[PDB]
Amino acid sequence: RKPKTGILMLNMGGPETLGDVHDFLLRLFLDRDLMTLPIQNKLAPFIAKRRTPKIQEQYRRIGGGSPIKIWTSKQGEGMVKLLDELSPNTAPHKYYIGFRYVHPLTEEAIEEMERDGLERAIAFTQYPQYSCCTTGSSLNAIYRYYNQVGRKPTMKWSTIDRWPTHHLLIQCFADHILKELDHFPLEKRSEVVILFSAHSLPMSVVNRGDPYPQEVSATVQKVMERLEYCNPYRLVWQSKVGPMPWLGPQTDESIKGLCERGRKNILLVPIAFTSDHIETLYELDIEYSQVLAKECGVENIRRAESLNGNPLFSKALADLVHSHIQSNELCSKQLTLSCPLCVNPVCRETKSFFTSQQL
């Protein structure tokens, strides 16, 4: 059968091999949405060349590349299977990966979707919580594509731009959390402190009105509720770089802070991403749970498994898409509110591309 409904799976992406590290860094130092550099066209290829070693090196310590695409693909497969069944009237579904900064790129995927003569196209962000730096950027990419290619979509577009509190999303986290608690010694289960950890944002972004911290917080509370407040928790932020202020507490400082104060049994729960990648495998597992956590209380530090293959996550993804087609919704009500301090002319145009969509 010819595929009816396409599900564009959006995510920043990561370098698949060490060989990709360079072009990954180049595309992100060239994206004016995240960065405004002096002579950006000269500094970008330079900064990238000068930072490639260090990053190739990080991926080295995790087996030589990002698994993001592999998990995305398995997730992709499971979702489509379920959907061809959940709504037969939406015929064959097909999933497409659109990474922002590595192949297959957003622009490359939209192109293929067009060629397959699909009638319906859903931009399905893989960040459960919206930031203008993540989902927003993916969605600008779709707007800009059609602006550049200077032709209208030959297909009917809508978006799933957020989903911080989806009931099956919440369950997968809770399931993954319990079964990690079981891996701690029973003598120390109740004493376990939970740190929910997510990628920080520069304060300048926070103070502009980014929805992310508030949504990330909602995801936390929904999971603790389902867990029946069985352990104390705290939400902390990772991945800060540079001299500028970011939203804290920093995950690292928090790990050390807890140890110094007799809280030596810590569970790391990555709450803003759905699969393994550099943030989990190098940053949390190596940088913190191995090098940092020895040098402080070497009691227990574990990390909840990323949702990765979990068949329930598959069921979650499909139920979202299905529920979204059934509702005729073009985007969240939230997408219709740019942040109150926006200084990017593009978010308006992006938002209008989605709200305006035929059908």
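So that there is no doubt, residue numbering starts at 1 and follows the sequence shown.
Visitor: Comparing 64-72 with 295-303, which has the greater mean CA B-factor as deposited?
Guide: Looking at the recorded C-alpha B-factors, 295-303 comes out higher on average.
Visitor: Looking at the entry, does 328-336 or 48-56 show the higher mean C-alpha B-factor?
Guide: So the stretch with the higher mean C-alpha B-factor is 48-56.
Visitor: Quick one: which of 115, 222, 240, 176 shows the highest Cα temperature factor in the PDB entry?
Guide: In the PDB entry, the greatest C-alpha B-factor among 115, 222, 240, 176 is found at 115.
Visitor: For the listed 124, 246, 130, 145, which has the peak Cα B-factor recorded in the PDB entry?
Guide: Max CA B-factor in the entry, restricted to 124, 246, 130, 145: 145.
Visitor: Ranking every modelled residue in this chain by its Cα temperature factor as given in the entry, which third contains residue 19?
Guide: Its C-alpha B-factor, which the entry lists for residue 19, ranks in the middle third among residues of this chain.
Visitor: Would the CA B-factor of residue 161 place it in the lowest, middle or highest third of its chain?
Guide: Within its chain, residue 161 is a lowest-third residue by C-alpha B-factor, going by the deposited values.
Visitor: Using the B-factors in the PDB entry, rank residue 346's C-alpha atom against the chain and give the third, lowest, middle or highest.
Guide: Ranked within chain, residue 346 CA B lands in the highest tercile.
Visitor: Sorting by Cα B-factor within the chain, modelled residues only, which third would residue 277 end up in: lowest, middle or highest?
Guide: Residue 277: CA B-factor falls in the lowest third of its chain.
Visitor: If you rank the chain by CA B-factor, which third does residue 267 end up in: lowest, middle or highest?
Guide: It belongs to the lowest third of the chain when residues are ordered by C-alpha B-factor.
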